[PDB]
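A quick write-up on the structure given underneath.
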Amino acid sequence: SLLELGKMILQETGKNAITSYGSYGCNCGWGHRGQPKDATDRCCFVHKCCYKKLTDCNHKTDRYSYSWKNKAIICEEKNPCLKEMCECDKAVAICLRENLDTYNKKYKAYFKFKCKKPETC
Ligand SMILES: CCCCCCCCCCCC(=O)O
């Protein structure tokens with residue numbers, strides 16, 4: 001669920017997920033995908049594409065089990081779909097942390113309506 005996603009992003013990036021990524025670029029947070037503005041935004045593009053494959057569960061509302069042990073995310077979910085959801089989330093948290101070097105506050109509250117049509121997943 002969004003609960004787990006936000007906890008993973010805070011643990012890896014050190015940033016509040018809604019404030020920093022809830023409206024970042026053309027792909028992070030609310031809305032749909034678009035042409036990424038930078039690397040942080042490409043992370044969220046990949047994340048949303050990763051979510052489209054989850055037909056047997058709900059990425060928004062269904063919670064799953066995971067641990068923050070030794071500064072690393074471990075998915076401890078046995079439900080197959082919720083397991084894929086956890087790995088989708090884990091991937092974006094790690095990806096965003098890796099691109100903290102090029103994170104720019106200008107994209108923080110992006111006007112997502114002017115975003116260009118996204119490429120296919
Ligand atoms: C625990 C706090 C709840 C935050 C959950 C939403 C996460 C922020 C949205 C941006 C993540 C992304 O799209 O890559």
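Going by the structure tokens order, chains are called A, B, ..., each with residues numbered from 1, while ligands are numbered from 1 in the order shown.
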Neighbouring residues of residue 66 in chain A were defined as those with any atom within 6 Å, considering only C-alpha atoms; residues of the same chain fewer than 3 positions away were excluded. Please report them as a PyMOL selection string. chain A and resi 74-76
Would you export the selected residues with N, CA, C and O atoms as a tab-separated table (two decimals), in the first residue's frame, please?
chain	number	residue	atom	x	y	z
A	74	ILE	N	13.82	-5.68	2.94
A	74	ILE	CA	13.61	-7.09	2.64
A	74	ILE	C	12.10	-7.36	2.58
A	74	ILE	O	11.38	-7.13	3.54
A	75	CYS	N	11.63	-7.83	1.43
A	75	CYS	CA	10.23	-8.16	1.24
A	75	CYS	C	9.94	-9.52	1.86
A	75	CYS	O	10.49	-10.53	1.42
A	76	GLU	N	9.10	-9.54	2.89
A	76	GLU	CA	8.75	-10.78	3.60
A	76	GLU	C	7.29	-11.16	3.33
A	76	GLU	O	6.60	-11.69	4.21
Give the strand (DSSP E or B) residues of chain A, as DSSP finds them on the backbone, and put them as a list in words. residues 66, 67, 68, 73, 74 and 75 of chain A
Nearest residue to residue 107 in chain A out of A:82, A:44, A:39, A:26, using only C-alpha atoms?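 Smallest distance to residue 107 in chain A is found for A:26.
Using only C-alpha atoms and all ligand atoms for every distance, the candidate list A:48, A:78, A:105, A:112 yields A:48 as the residue closest to ligand 1.
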For ligand 1, which residue among A:50, A:115, A:81, A:2 is the nearest when counting only C-alpha atoms and all ligand atoms? A:2
